[PDB]
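Protein chains: 2
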Amino acid sequence: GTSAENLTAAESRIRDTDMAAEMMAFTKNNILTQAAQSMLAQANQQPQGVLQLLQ
Amino acid sequence: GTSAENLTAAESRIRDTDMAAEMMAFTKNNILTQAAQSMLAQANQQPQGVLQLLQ
């Protein structure tokens with residue numbers, strides 16, 4: 222029983238994930254995704270030099 | 222018999238634990254865990270500056 226509990230703890234620490242750290246990373250990546258979305262929406266509008274030609 | 226009782230008292234005081242003190246410590250640590258959980262939930266929401274970019 223003692224050995225099984227100790228090895229279970231070891232295997233948990235090796236393979237299982239901490240919820241808090243992954244939550245942090247996921248929120249960070251979502252915020253970065255939104256930022257890149259807005260930046261791309263701006264960059265698509267940036268090349269508008271049609272007022273050179275017409276008037 | 223006398224010596225056995227005295228050494229039993231000594232061994233109890235050395236190795237056995239007082240329930241009240243450990244109960245106190247456990248309640249304290251639970252309260253601290255909850256506080257840290259709430260603080261982390263707040264800190265994850267703190268970086269939201271998406272309203273700079275879009276509108």
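Line order of the protein sequences matches chains o and i. The opening residue of the first sequence carries number 222 in PDB author numbering; numbering runs sequentially from there. The opening residue of the second sequence carries number 222 in PDB author numbering; numbering runs sequentially from there. Backbone N, C-alpha and C fix where the C-beta goes; we use that ideal spot for every residue, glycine too.
- In the DSSP assignment, i/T223 falls within the unbroken alpha helix (DSSP H) covering 223 to 236.
- With the criterion set as a beta carbon lying under 9 angstroms from some beta carbon of chain i, the members of the stretch 235 to 261 of chain o are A241, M244, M245, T248, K249, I252, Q255, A256, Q258, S259, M260, in sequence order.
- Against chain o, the beta carbon of i/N227 has no neighbour under 9 angstroms; the closest one sits roughly 32 angstroms away.
- Of all C-beta pairs linking the stretch 228 to 236 of chain o to the stretch 243 to 260 of chain i, fewer than three are shorter than 8 angstroms, placing the two stretches out of contact.
- Counting along the chain, i/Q269 sits inside no alpha helix (DSSP H), nor does DSSP assign it H or E at all.
- Residue-level contact check: i/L272 does not touch chain o, since none of the beta carbons of chain o fall below 7 angstroms from its beta carbon.
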